[PDB]
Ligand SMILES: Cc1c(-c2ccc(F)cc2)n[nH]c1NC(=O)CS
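This document opens with one chain alone, in structure tokens, the form solved without the named molecule.
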């Protein structure tokens, strides 16, 4: 139960009065005009919005099941979820606990630090001799008196949209620029819920744990969030792989999936074997590409003569980006990209921060491939320390749930998992195999 007042040094209660600093109603980048939502600042550059996401996407306002299902293995709907103060308070505490758990690991500490330094580039000027922030990488913090002030941030955790267990990284872009793929980076919004988790089946620990439980095991919420934070990390450094690059599959044969399409960015993020499905020719293609993007940033910093929109000096801002991209500079102040340093930073964000390596640090049971599809959805409550801890997750030490990932076992630790109806029929998406 330690490491509680560490990455998030605030004991927020959802109903606490607004103050305009770390507790305030805010407005985020939006198409039309959105009503202010109550948000919390849990750490430098990071906010949490305990609301269902019905504002980032205009085409996503209805919280009911879509006309067409959603070609996914598992899905869940409930327009009533996350609508009461209690629900929102518990959500705030859940997201916070997961952060502490992630932060309490060395890898987690590194990734969280990399995220905070991953400030979206100040590349919004049309005049190259000036550094200007890009407004979609900010939010407006409304003050108690009704006035407001703008603020930059790198990460926002919001409730899920209609499909409650569809977690993803969303960010706003520029009209001409591709912020997540050009090194600039952009503020990330993550749809996530610490109130539900997936069920998967193990086919392999045994050998090491002959007394492994029987049923399905629950994915540790911390792993799921860390997974999204890895995507967030890529996006903040403008190195996420283009969504168009996906692992095309054959589907004609009777035994083949009717469809799938897992992106390279996804294989990269999971790690393990998955990431090795990508040949070296293409991996080098990606690295060279982003290395050149980093050199562009370096040139842009050297072209800057003035900074607009802040009392912060041009020197400070250049140093901020020197540090983020780990650029080198001469005594003359010139900035450049060191191949070695670029390589380490690129390897760290791409190969060190992976779901699989996180499984290693957490030491929990987890799918060994992105291809081991979830088969169930459960309701959980990780806030009470008697159900889940920052140090052990579900597998509480000095408890009967301590060994063999018993805590993660649905049947054994049944008081912690309630199976919910999957909204994607067992036979919604399928192939008809017939024999004469």
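Positions refer to the first chain, counted from 1.
**Student:** Mean CA B-factor: is it higher for 276-284 or for 141-149?
**Tutor:** Mean B over CA atoms: larger for 276-284.
**Student:** Which is higher in the entry, the mean Cα B factor of 79-87 or that of 151-159?
**Tutor:** Comparing 151-159 with 79-87, the higher average CA B-factor belongs to 79-87.
**Student:** According to the deposited entry, which of 393, 67, 50, 384 has the largest Cα B-factor?
**Tutor:** Result of the comparison over 393, 67, 50, 384: 67.
**Student:** Between 92, 364, 102, 249, let me know which has the highest C-alpha B-factor in the entry?
**Tutor:** Out of 92, 364, 102, 249, the record gives the largest C-alpha B-factor to 249.
**Student:** Sorting the chain's CA B-factors, does residue 407 end up in the lowest, middle or highest third?
**Tutor:** It falls in the bottom third of the chain.
**Student:** Taking the C-alpha B-factors as the PDB entry records them, is residue 399 in the lowest, middle or highest third of its chain?
**Tutor:** Ranked within chain, residue 399 CA B lands in the middle tercile.
**Student:** Lowest, middle or highest third: where is residue 305 by C-alpha B factor in its chain?
**Tutor:** Residue 305: CA B-factor falls in the highest third of its chain.
**Student:** Where does residue 164 sit by CA temperature factor within its chain: lowest, middle or highest third?
**Tutor:** Lowest third of the chain for residue 164's C-alpha B-factor.
**Student:** Should residue 426 be placed in the lowest, middle or highest third of its chain by the C-alpha B factor in the entry?
**Tutor:** Highest third of the chain for residue 426's C-alpha B-factor.
There is another form of the same protein, the form deposited with the named molecule bound; it is not shown, and what comes next is about it.
**Student:** Which one, 280-288, 177-185, 228-236, 324-332, holds residues whose non-hydrogen atoms are within 4.5 Å of the named molecule in the deposited bound form?
**Tutor:** Among the candidates, contact is made by 228-236.
**Student:** Considering non-hydrogen atoms and a 4.5 Å limit, which listed residue (172, 167, 361, 346) is close to the named molecule in the deposited bound form?
**Tutor:** It is 167.
**Student:** The named molecule isn't shown here, but in the deposited bound form which of 114, 219, 90, 354 has a heavy atom within 4.5 Å of it?
**Tutor:** Answer to the contact question: 219.
**Student:** Can you tell me whether residue 266 touches the named molecule? I mean in the deposited bound form, with a 4.5 angstroms heavy atom cut-off.
**Tutor:** Output for residue 266 is yes: heavy atoms within 4.5 Å of the named molecule.
**Student:** Can you check whether residue 103 is within 4.5 Å of the named molecule in the deposited bound form, heavy atom basis?
**Tutor:** Although the named molecule is absent here, residue 103 would stay clear of it in the deposited bound form, with no heavy atoms inside 4.5 Å.
**Student:** Since only the chain is shown here, I'm wondering whether residue 367 would be in contact with the named molecule in the deposited bound form (any heavy atom pair within 4.5 Å).
**Tutor:** Contact check for residue 367: yes, within 4.5 Å of the named molecule in the deposited bound form.
**Student:** Although the partner isn't part of this model, could you tell me whether residue 198 comes within 4.5 Å of the named molecule in the deposited bound form, counting any heavy atom of the residue?
**Tutor:** Contact with the named molecule, yes.
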